[PDB]
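Only one structure is covered here, and it is reproduced in the block below.
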Amino acid sequence: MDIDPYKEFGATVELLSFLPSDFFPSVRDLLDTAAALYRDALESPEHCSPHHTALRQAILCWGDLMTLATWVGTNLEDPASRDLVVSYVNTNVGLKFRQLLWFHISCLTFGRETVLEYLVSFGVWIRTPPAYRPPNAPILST
Amino acid sequence: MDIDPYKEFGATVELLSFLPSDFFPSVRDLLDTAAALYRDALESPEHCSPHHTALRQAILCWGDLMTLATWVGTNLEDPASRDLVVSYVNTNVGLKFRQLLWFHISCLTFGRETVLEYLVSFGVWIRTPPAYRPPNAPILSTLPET
Amino acid sequence: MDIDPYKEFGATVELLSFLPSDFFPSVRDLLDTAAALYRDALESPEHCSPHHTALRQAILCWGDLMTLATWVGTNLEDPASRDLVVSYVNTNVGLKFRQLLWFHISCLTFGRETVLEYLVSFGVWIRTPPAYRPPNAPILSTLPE
Amino acid sequence: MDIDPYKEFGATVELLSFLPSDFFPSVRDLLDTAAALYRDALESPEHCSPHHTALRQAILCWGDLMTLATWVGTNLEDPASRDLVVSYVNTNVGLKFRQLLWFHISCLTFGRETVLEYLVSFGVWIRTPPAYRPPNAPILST
Amino acid sequence: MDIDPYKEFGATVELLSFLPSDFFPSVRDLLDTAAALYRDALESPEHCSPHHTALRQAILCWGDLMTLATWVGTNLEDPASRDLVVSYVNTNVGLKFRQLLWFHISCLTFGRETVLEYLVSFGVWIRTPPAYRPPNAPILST
Amino acid sequence: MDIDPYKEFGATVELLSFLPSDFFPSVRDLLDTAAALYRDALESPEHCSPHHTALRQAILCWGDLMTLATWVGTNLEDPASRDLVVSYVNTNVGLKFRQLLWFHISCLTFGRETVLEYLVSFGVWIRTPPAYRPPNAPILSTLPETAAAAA
Amino acid sequence: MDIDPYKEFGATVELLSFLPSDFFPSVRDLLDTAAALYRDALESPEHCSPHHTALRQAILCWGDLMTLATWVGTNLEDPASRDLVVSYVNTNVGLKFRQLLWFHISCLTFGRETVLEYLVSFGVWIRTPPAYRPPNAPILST
Amino acid sequence: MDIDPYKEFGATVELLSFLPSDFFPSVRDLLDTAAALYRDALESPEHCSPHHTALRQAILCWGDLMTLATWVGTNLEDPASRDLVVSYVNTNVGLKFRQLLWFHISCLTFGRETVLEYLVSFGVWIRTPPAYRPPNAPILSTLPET
Amino acid sequence: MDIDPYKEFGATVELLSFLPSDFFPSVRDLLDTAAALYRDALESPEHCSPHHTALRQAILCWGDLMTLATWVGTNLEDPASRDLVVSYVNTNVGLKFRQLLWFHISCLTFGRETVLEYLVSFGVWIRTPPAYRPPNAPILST
Amino acid sequence: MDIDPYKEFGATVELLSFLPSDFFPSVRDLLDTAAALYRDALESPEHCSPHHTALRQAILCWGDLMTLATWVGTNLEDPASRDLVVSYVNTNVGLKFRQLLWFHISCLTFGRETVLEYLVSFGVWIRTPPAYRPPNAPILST
Amino acid sequence: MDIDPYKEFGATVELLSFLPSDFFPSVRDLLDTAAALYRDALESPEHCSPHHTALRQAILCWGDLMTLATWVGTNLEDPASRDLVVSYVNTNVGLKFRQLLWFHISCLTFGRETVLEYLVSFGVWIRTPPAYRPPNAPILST
Amino acid sequence: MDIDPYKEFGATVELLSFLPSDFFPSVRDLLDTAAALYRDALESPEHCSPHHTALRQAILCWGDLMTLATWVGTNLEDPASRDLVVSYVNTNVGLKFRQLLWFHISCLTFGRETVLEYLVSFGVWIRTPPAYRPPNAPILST
């Protein structure tokens, strides 16, 4: 099964894989900034743009998953199951939601083409050895 | 925060909350029908309508959840914990995902207006107690069948 | 006084008398649908129709009643008295508010004339003895079937 | 000296008796419906239709019978005669008043064109064995 | 209900109470002339006015009470209950039916205006003491 | 004598022979509906249609047969003769009277052509074995317009 | 009820009762003459006159009665009961069929007006005392 | 001498084999419905259409077989052979005459195209397994009491 | 039922009965001619003329007779009954099939009117005495 | 589901609560005024403005509370809870009912915007100390 | 290489997976129907539709497989090998060939769009629960 | 029942019977070239020519046969069945599918009429004995 939501937006999973793991901000920060900056748009009952529709469903799923995590932590009996599962819910799938939400927020704030250019720039910058590339990573901003 | 995902489409969780279980086909069946019918449309790099994007996001979420469930099943040793968590996932979250997918298919195949009208009619029908409620449930389907 | 809110809409308490008690559904099933179907209209500052104004007044009155019920549950110690009072207010006047909400909601959604037609049809249906009446009791539905 | 009040209308006593007794609902239901629907028309000083007048004298006649029943129940001593009279009044002429009130009210609400076709196809549908007639009884409805 | 059927015809019982009882004719003799004048008209399916319908319905109720009388005479033995019932029927219902029939027959035969004027004149006549009221009671006629 | 009373209107004895027993209403029910429906037409002195005169003659015949049944019931002593005769008269030709009266009534009310169409509808549907006969039979009285359907 | 099949054709049972019994010759001869003269017209699928269709049902009824008579004759054991039943078929109800057959055949073959004239002539002829009446009874002829 | 009588109407003997045997109605009932549906037409001296003449000759040879059967039943001696021959003629030849008669009656009364439609509909219906086929088998009926 | 195939073609069984037996050729001698002359026409799916359809039905019923005969000959055990039945079927109804085939084949080949003329001529010729009939028999030929 | 009904008329509860309590005349005065001045207006089946509908709903709640108080007084036993809940209902929601009733009555009788101006003016004035303000509280009047 | 014959018709093999097996009729019935309906068309030398050619190769390789089955069953000595092979080829390959034949035949008879509509409707029907679906399984007919 | 696909294409097995065995190339030698030349054409949803569909279904049937044979041979332990079945399938019907593939490919690539001429010339060439047959076997090419 090969399904790619970024395909409609012009990007692809492997292209997004150029960016390495675990440098993203915490998903909680992403939610906080989106609320502080996109509170009105999300609450609107009209499809203001394609990105809002996906982000809404992603946020709902993230909330339900966090509720599942807290409920299992509060109700399961043994310590091994509880710590293993609560650590698991924030291990790999959390990275998935984190990267998806980062992509949607960045594209909404700047634009898909700018995000693709930043992706390619980061890929070229990271591919080279550290001994030659500059010590400042590319920064997404206007 | 507080967001109603169905609100963009005009419906609400409370409106669908009238819908009881046993009028939603199983999630696996929704996957089967969606993959069989709308595969070319879904895989397209053009967003033809918000329904497709929402459906795709739900499909990804459900697939990830099933991956989580099988991963837990492979490793957990305590039968009670693993069976309890898998049942929880299949009954609580499964209900929500199944409701959403059914709503998306119904809206896409039958149209927005028809689905909302049928939902209001069903809500009116379900509230009346059995003593005065007609026994023939309203059913809308693509079949010219009586 | 002898004042009937239904009297100026064309309906009447005696006319609504056809529907027997226990027919109307739970109040919460009225509140949830009213909210999730006319939230903006109720919250809007425009009195489009008297139905909305009556529904707003009923909402406030019922909320006040429930606040009083929670108060008496929270403060008083006499258990039998509090149970009797909450039961009385929840069952007796609750029925009146419930039918009020049902009437206005149906009139708004389907039309007052259709509501009156449905009332007379239900009266005809219910008066007939069980031995001859069909099981298909009349029901309004913007949907065909 | 042969008088049938239905004679001025299209119906006839034997034709209206075509339907089986016990199908007409209790008299209290008829009176309550008639009140709730036509209090103003009955109280009006105008004769908008002969049906209203016929119903008016029907109501007065029934009230006289009810007063007779109340008086006989109040004064007389023999329980045998009392129960005999009350049962006879409640059952025998009760049927006639029920039929009369039902006819007038139904004709007014739905018109003669529907009542004189509801007295046919019903009482006819009853005769047919429950194996070739339509599954359910017909109902003057809306 | 609170129905005064006379109010439809313009009069009311309060006004009609001017005529004191014992100045009305016997029911049998009144029915005699009513029939002799409008037999076919009552029996016809044509309804020229509410008077005919009311007369028909009143005749029907009178026949019902006669049926009750013959039933009770045929069944019961004791004389007290029987003759008390007969007295009640001839007293309460008798006066009301007799005045109703007289009013309707008179207004149909001569008109509503003449009969109303007659009631007014009879009232003003009967108010005055006998010492001054003329000894020829007013009579509606040709 | 080769006489076909139905052949005047097109039908035949052996065509209506299709209609199954325990289908027609009892004769008394037919009398109650016919008198209650066409009282004046039957009582009228005008040959408005052959159906009316046919029904009138059948009514007279049935009245005479009932008079005979009452006579045999109230007079004869032998119980065996009594019950044999009454059962015979009630079952054998009373069924024929039921048949004729119902057919005439349906023709007059529903129209003659429709009656023949419904007759052939049974003639086909009833002829099928139960393994292929649907359990939903061709109803004729469209009068009630279904009065709504069941399930 | 009282229904007269001769009512439609202009005659009435009251008038037709003038003719005394033994006047109508016999069922067998009526059937024979009907076969000899008008047999074919019965089978035509067009009703040329109301007499033909009524004659059809009269013949069917008489055949049914003959079958009933012979069948009951073959099965009953008590000779007295069977003999009495056979006596009944030609006594009461056979006379009715003979009367109907005579009326219809005469009306068809000579004509209705001539039939009525013959009835009236026989009525005037019979009443007169035998000592003065002529011995040549009226008979319809061509 | 390889002749298929149904061939010129557009039907075929093997195509007609779709309808299972024992479904076709009794010979006597088809005979007496044909009688009091087409007495005049069969009796007429005009060859209106091949339907009527084919029916004429079919019923003729069927009556000839019936006469032979009764003659042998009356005349021959041993019961076993007589009964065996009667059953043979009534079951085997009776079936073919029955199907011939049914096809002609149905096509004449309702038309050939209607008969073809009914045949193909019944084929698609019967091929369906019982667990999935509905119990509402098709029946041609100019009566629209559907 | 009284059904005669010859009636539609204008002939009758009584007419063909005029031709004596022993002249009509064996059924096989006609089947061979029909095959060898009109195999293509018979096998065609076209209802060219009623003659062809009638011949087809005749051939089918004949073949069913033949199948029955061979079946009984092979299966039945009693030689006497077998011989009796085969002789009966072969001789009695064989004459009828011979008449049918001869009539249809001749009418198709030369024309129905010509065939009828041939039948009448042959009948009158055979009826004629030898002293006066022409010295040669009448034979049908091209 | 928090609602401020005055928002659709234009005002807000906080604007109304800006004014002090115990200023409006007792509830009975308002009820007597409303009755005596608008009996026919409220009893009429015409809804002139939302004022009347709101007033009628207020009267319905007021009657419900009165019947509840009578019930609790007659049925419950302990005086302490009785009087306590009586005082609670009379002070807490009684104030709101009185405020709403007075507002609607005054706005109906004298005007909406003028009543709003009176409210704001008196609210600002009462907070104003006795410095540059007349020693007579503003009084609303025609 | 990946080949999907339905993709030439616009459908897909996976799409056909809705209809659960135990629905596709036995191969023999499909072959009998195809022959009975299109004998001459299949034997024809003209390509009147692609469906005809496709069904032609379907029948051809089906016949080759049947020859394989009969050959291996007749020739081999070991029972397990032969019966296992025949059973497997009858069940697994039989399913695919049967569904291919049914699709071709139905599409040719009714039309491609009608077959697609029937397939999708049946799928939807069987997916849903009972109380939410009509009780009549869809069935295509012309 | 029996179909010759080549008749639809104008040829016959008898015509191709001229081509001897062990003359067609290997199955792979045709399949690989057919793929390399018409992969996009076959994969397209458009049926440009019947040859393409026939080739597609031939490849499907052959691939299913090969898959089944390989799977069963991998399962079964007996060597006789495995080797004999492999040889049989690769020999007889393998040759048949090979010849069909070659025919369709040649007709597609050089043109059907050219194929017919080449086969005719090949037959004429091969008939003659080798003593006079030239050593340059006719070959179809550009």
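Just so we're on the same page: first chain in the structure tokens is A, next is B, and so on; residues restart at 1 for each chain, and ligands are numbered from 1 in the order they show up.
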Requested in this report: Return as a PyMOL selection string the full set of residues in chain D whose backbone-based DSSP assignment is helix (DSSP H, G or I).
Outcome: chain D and resi 5-8+13-16+27-43+50-75+79-110+112-118
Report task. Excluding stretch 25-41 of chain B and any residue of its chain fewer than 3 positions from it, enumerate the residues within 6 Å of it, using only C-alpha atoms, and give them as a PyMOL selection string. Result -> (chain B and resi 44+98) or (chain K and resi 15+128)
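Taken over all Cα atoms in order, the superposition of chain B onto chain H returns an RMSD of 1.1 Å.
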Which residues of chain D come within 8 Å of chain C, and for each one, what is the closest pair of atoms and their distance in Å to one decimal, counting only C-alpha atoms, sorted by chain and residue number, as CSV?
residue,atom,partner,partner_atom,distance
D:22,CA,C:129,CA,7.8
D:23,CA,C:128,CA,6.5
D:24,CA,C:128,CA,6.8
D:25,CA,C:128,CA,5.4
D:26,CA,C:127,CA,7.7
D:29,CA,C:127,CA,6.8
D:33,CA,C:15,CA,7.7
D:36,CA,C:15,CA,5.5
D:37,CA,C:15,CA,7.1
D:136,CA,C:134,CA,6.0
D:137,CA,C:134,CA,6.1
D:138,CA,C:134,CA,7.9
D:139,CA,C:125,CA,7.6
D:140,CA,C:124,CA,7.6
D:141,CA,C:121,CA,5.5
D:142,CA,C:121,CA,5.1
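Across the structure, atom CA of residue H:61 and atom CA of residue I:75 are spaced 23.5 Å apart.
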Report task. Residues of chain B no more than 7 Å from chain A, counting only C-alpha atoms: send them over as number ranges by chain. Result -> B: 3, 5, 7-8, 44-47, 50, 53-54, 57, 76, 81
Take the residues just selected and output them with N, CA and C atoms as a PDB file, in the first residue's frame.
ATOM      1  N   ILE B   3     -12.735  22.005  18.146  1.00  0.00           N
ATOM      2  CA  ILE B   3     -13.032  22.064  16.720  1.00  0.00           C
ATOM      3  C   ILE B   3     -13.948  20.900  16.377  1.00  0.00           C
ATOM      4  N   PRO B   5     -14.743  18.700  13.279  1.00  0.00           N
ATOM      5  CA  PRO B   5     -14.274  18.482  11.899  1.00  0.00           C
ATOM      6  C   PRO B   5     -15.401  18.458  10.885  1.00  0.00           C
ATOM      7  N   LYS B   7     -17.990  20.287  10.881  1.00  0.00           N
ATOM      8  CA  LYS B   7     -18.628  21.589  10.733  1.00  0.00           C
ATOM      9  C   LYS B   7     -18.345  22.236   9.385  1.00  0.00           C
ATOM     10  N   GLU B   8     -17.147  22.058   8.827  1.00  0.00           N
ATOM     11  CA  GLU B   8     -16.873  22.616   7.508  1.00  0.00           C
ATOM     12  C   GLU B   8     -17.875  22.108   6.480  1.00  0.00           C
ATOM     13  N   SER B  44      -4.784  10.769  -7.379  1.00  0.00           N
ATOM     14  CA  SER B  44      -4.459  11.878  -8.259  1.00  0.00           C
ATOM     15  C   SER B  44      -3.713  12.970  -7.491  1.00  0.00           C
ATOM     16  N   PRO B  45      -2.785  13.671  -8.144  1.00  0.00           N
ATOM     17  CA  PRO B  45      -2.096  14.791  -7.493  1.00  0.00           C
ATOM     18  C   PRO B  45      -2.883  16.092  -7.479  1.00  0.00           C
ATOM     19  N   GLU B  46      -4.172  16.058  -7.802  1.00  0.00           N
ATOM     20  CA  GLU B  46      -5.037  17.230  -7.770  1.00  0.00           C
ATOM     21  C   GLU B  46      -6.163  16.976  -6.778  1.00  0.00           C
ATOM     22  N   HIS B  47      -6.374  17.924  -5.866  1.00  0.00           N
ATOM     23  CA  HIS B  47      -7.436  17.825  -4.865  1.00  0.00           C
ATOM     24  C   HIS B  47      -8.741  18.263  -5.518  1.00  0.00           C
ATOM     25  N   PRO B  50     -12.702  18.736  -1.010  1.00  0.00           N
ATOM     26  CA  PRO B  50     -12.187  18.489   0.349  1.00  0.00           C
ATOM     27  C   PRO B  50     -12.485  17.092   0.863  1.00  0.00           C
ATOM     28  N   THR B  53      -9.482  14.816   0.367  1.00  0.00           N
ATOM     29  CA  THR B  53      -8.376  15.065   1.288  1.00  0.00           C
ATOM     30  C   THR B  53      -8.691  14.532   2.679  1.00  0.00           C
ATOM     31  N   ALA B  54      -9.908  14.783   3.167  1.00  0.00           N
ATOM     32  CA  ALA B  54     -10.290  14.280   4.481  1.00  0.00           C
ATOM     33  C   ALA B  54     -10.261  12.757   4.507  1.00  0.00           C
ATOM     34  N   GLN B  57      -6.660  11.532   4.628  1.00  0.00           N
ATOM     35  CA  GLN B  57      -6.078  11.706   5.954  1.00  0.00           C
ATOM     36  C   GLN B  57      -6.612  10.661   6.927  1.00  0.00           C
ATOM     37  N   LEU B  76       3.726  -7.337  23.365  1.00  0.00           N
ATOM     38  CA  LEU B  76       3.166  -7.447  24.706  1.00  0.00           C
ATOM     39  C   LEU B  76       2.968  -8.907  25.090  1.00  0.00           C
ATOM     40  N   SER B  81      -3.623  -7.139  29.163  1.00  0.00           N
ATOM     41  CA  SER B  81      -3.313  -5.789  28.704  1.00  0.00           C
ATOM     42  C   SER B  81      -3.452  -5.680  27.189  1.00  0.00           C
TER      43      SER B  81
END
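Between atom CA of residue I:121 and atom CA of residue I:90 the interatomic distance comes to 29.3 Å.
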Requested in this report: Do me a favour and pick out the residues of chain F within 12 Å of chain C, using only C-alpha atoms, as a PyMOL selection string.
Outcome: chain F and resi 147-151
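If you measure from each of L:70, L:132, L:21, L:120 to chain K using only C-alpha atoms, the closest one turns out to be L:70.
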Report task. Excluding residue G:123 and any residue of its chain fewer than 4 positions from it, enumerate the residues within 8 Å of it, using only C-alpha atoms, and give them as a PyMOL selection string. Result -> chain G and resi 18-19+119+127
Can you tell me which residues surround residue H:13 at a distance of at most 12 Å, considering only C-alpha atoms, apart from same-chain residues fewer than 2 positions away, and format the answer as a PDB file with N, CA and C atoms, in the first residue's frame?
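Final file, result_30.pdb:
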ATOM      1  N   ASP H   2     -33.207 -32.630 -39.560  1.00  0.00           N
ATOM      2  CA  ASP H   2     -32.798 -31.989 -38.315  1.00  0.00           C
ATOM      3  C   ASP H   2     -33.561 -30.677 -38.218  1.00  0.00           C
ATOM      4  N   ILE H   3     -34.743 -30.724 -37.612  1.00  0.00           N
ATOM      5  CA  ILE H   3     -35.682 -29.611 -37.619  1.00  0.00           C
ATOM      6  C   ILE H   3     -35.899 -29.138 -36.191  1.00  0.00           C
ATOM      7  N   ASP H   4     -35.818 -27.825 -35.996  1.00  0.00           N
ATOM      8  CA  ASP H   4     -36.102 -27.195 -34.708  1.00  0.00           C
ATOM      9  C   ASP H   4     -37.318 -26.293 -34.870  1.00  0.00           C
ATOM     10  N   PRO H   5     -38.505 -26.718 -34.430  1.00  0.00           N
ATOM     11  CA  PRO H   5     -39.710 -25.916 -34.704  1.00  0.00           C
ATOM     12  C   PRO H   5     -39.651 -24.510 -34.132  1.00  0.00           C
ATOM     13  N   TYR H   6     -38.976 -24.328 -32.996  1.00  0.00           N
ATOM     14  CA  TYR H   6     -38.938 -23.013 -32.364  1.00  0.00           C
ATOM     15  C   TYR H   6     -38.044 -22.051 -33.132  1.00  0.00           C
ATOM     16  N   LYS H   7     -37.301 -22.555 -34.119  1.00  0.00           N
ATOM     17  CA  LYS H   7     -36.243 -21.766 -34.737  1.00  0.00           C
ATOM     18  C   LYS H   7     -36.776 -20.575 -35.522  1.00  0.00           C
ATOM     19  N   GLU H   8     -37.956 -20.686 -36.137  1.00  0.00           N
ATOM     20  CA  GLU H   8     -38.420 -19.600 -36.994  1.00  0.00           C
ATOM     21  C   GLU H   8     -39.110 -18.499 -36.196  1.00  0.00           C
ATOM     22  N   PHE H   9     -39.531 -18.783 -34.963  1.00  0.00           N
ATOM     23  CA  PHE H   9     -39.986 -17.725 -34.067  1.00  0.00           C
ATOM     24  C   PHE H   9     -38.835 -16.949 -33.440  1.00  0.00           C
ATOM     25  N   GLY H  10     -37.599 -17.417 -33.592  1.00  0.00           N
ATOM     26  CA  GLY H  10     -36.455 -16.822 -32.938  1.00  0.00           C
ATOM     27  C   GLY H  10     -35.999 -17.552 -31.694  1.00  0.00           C
ATOM     28  N   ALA H  11     -36.825 -18.439 -31.148  1.00  0.00           N
ATOM     29  CA  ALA H  11     -36.440 -19.256 -30.009  1.00  0.00           C
ATOM     30  C   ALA H  11     -35.746 -20.527 -30.489  1.00  0.00           C
ATOM     31  N   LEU H  15     -32.323 -23.478 -26.131  1.00  0.00           N
ATOM     32  CA  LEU H  15     -32.532 -22.254 -25.363  1.00  0.00           C
ATOM     33  C   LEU H  15     -33.715 -22.406 -24.417  1.00  0.00           C
ATOM     34  N   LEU H  16     -34.819 -22.967 -24.914  1.00  0.00           N
ATOM     35  CA  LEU H  16     -35.989 -23.176 -24.069  1.00  0.00           C
ATOM     36  C   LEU H  16     -35.691 -24.147 -22.934  1.00  0.00           C
ATOM     37  N   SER H  17     -34.599 -24.904 -23.037  1.00  0.00           N
ATOM     38  CA  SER H  17     -34.219 -25.850 -21.995  1.00  0.00           C
ATOM     39  C   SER H  17     -33.763 -25.124 -20.733  1.00  0.00           C
ATOM     40  N   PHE H  18     -33.584 -23.804 -20.819  1.00  0.00           N
ATOM     41  CA  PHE H  18     -33.218 -23.027 -19.638  1.00  0.00           C
ATOM     42  C   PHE H  18     -34.234 -23.229 -18.521  1.00  0.00           C
ATOM     43  N   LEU H  19     -35.518 -23.124 -18.850  1.00  0.00           N
ATOM     44  CA  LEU H  19     -36.563 -23.305 -17.853  1.00  0.00           C
ATOM     45  C   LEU H  19     -36.547 -24.752 -17.379  1.00  0.00           C
ATOM     46  N   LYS H  96     -42.850 -32.556 -23.969  1.00  0.00           N
ATOM     47  CA  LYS H  96     -42.513 -31.760 -25.144  1.00  0.00           C
ATOM     48  C   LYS H  96     -43.742 -31.030 -25.669  1.00  0.00           C
ATOM     49  N   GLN H  99     -44.286 -28.035 -23.323  1.00  0.00           N
ATOM     50  CA  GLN H  99     -43.430 -26.872 -23.534  1.00  0.00           C
ATOM     51  C   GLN H  99     -43.745 -26.166 -24.845  1.00  0.00           C
ATOM     52  N   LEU H 100     -44.005 -26.921 -25.914  1.00  0.00           N
ATOM     53  CA  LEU H 100     -44.447 -26.321 -27.169  1.00  0.00           C
ATOM     54  C   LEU H 100     -45.682 -25.456 -26.941  1.00  0.00           C
ATOM     55  N   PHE H 103     -44.999 -22.263 -24.878  1.00  0.00           N
ATOM     56  CA  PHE H 103     -44.304 -21.233 -25.639  1.00  0.00           C
ATOM     57  C   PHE H 103     -45.261 -20.525 -26.591  1.00  0.00           C
TER      58      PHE H 103
ATOM     59  N   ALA K  36     -26.033 -21.055 -26.433  1.00  0.00           N
ATOM     60  CA  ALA K  36     -27.434 -20.941 -26.817  1.00  0.00           C
ATOM     61  C   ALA K  36     -27.762 -19.561 -27.357  1.00  0.00           C
ATOM     62  N   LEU K  37     -27.062 -18.531 -26.884  1.00  0.00           N
ATOM     63  CA  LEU K  37     -27.405 -17.169 -27.265  1.00  0.00           C
ATOM     64  C   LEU K  37     -26.614 -16.676 -28.472  1.00  0.00           C
TER      65      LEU K  37
END
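Distance-wise, atom CA of residue E:16 and atom CA of residue D:41 end up 22.7 Å apart.
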